[PDB]
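Coordinate-derived values only; no laboratory data. All Cβ positions, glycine included, derive from the backbone under ideal geometry; neighbour counts span all protein chains shown.
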Amino acid sequence: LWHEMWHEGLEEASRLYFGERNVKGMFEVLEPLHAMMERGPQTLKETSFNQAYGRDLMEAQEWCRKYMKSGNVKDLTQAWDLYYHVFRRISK
């Protein structure tokens, strides 16, 4: 379910950012997903997901948090490289 939630969430978040140019909408999708990671995994599958992708997703969040302070779109570009790398691996 974590793999399903992130796969669908990253897709919708990317549509809001790249398609609609809507950063607010992007963050609304991603925030709850990062928040559930912070609370921690509750099952074996969530723990395995966290093992594979947790570090990269946390770094993606830190670049988004950097954007909240800088206003610099470049910081979102860094976030999206990490998010896309995670997205590709979940698809495989």
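Quick check on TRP80: is it within 18 Å of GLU31 (Cα to Cα), among the aromatic types (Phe, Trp, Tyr) and within 9 Å of the chain's Cα centre (by Cα)? Taking the combined requirement at face value, the residue satisfies it.
In the set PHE49, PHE87, only one residue is assigned to a helix (DSSP H, G or I) and touching a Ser or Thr at 6+ places or on another chain (Cβ under 9 Å); that residue is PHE87. Evaluating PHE49 against the criteria (1) closer than 16 Å to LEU30 by Cα; (2) surrounded by 19 or more Cβ atoms within 10 Å (Cβ to Cβ); (3) not hydroxyl-bearing (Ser, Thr, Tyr) leaves one unmet condition, (1).
Here is a yes/no grid of residues against (1) free of Cβ contacts under 8 Å to residues at least 40 places away in the same chain; (2) surrounded by 16 or more Cβ atoms within 10 Å (Cβ to Cβ):
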{"site": "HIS7", "(1), (2)": "no, no"}
{"site": "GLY19", "(1), (2)": "yes, no"}
{"site": "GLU31", "(1), (2)": "yes, no"}
{"site": "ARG39", "(1), (2)": "yes, no"}
{"site": "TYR53", "(1), (2)": "no, yes"}
{"site": "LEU57", "(1), (2)": "no, yes"}
{"site": "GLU62", "(1), (2)": "yes, no"}
{"site": "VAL73", "(1), (2)": "yes, no"}
{"site": "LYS92", "(1), (2)": "yes, no"}
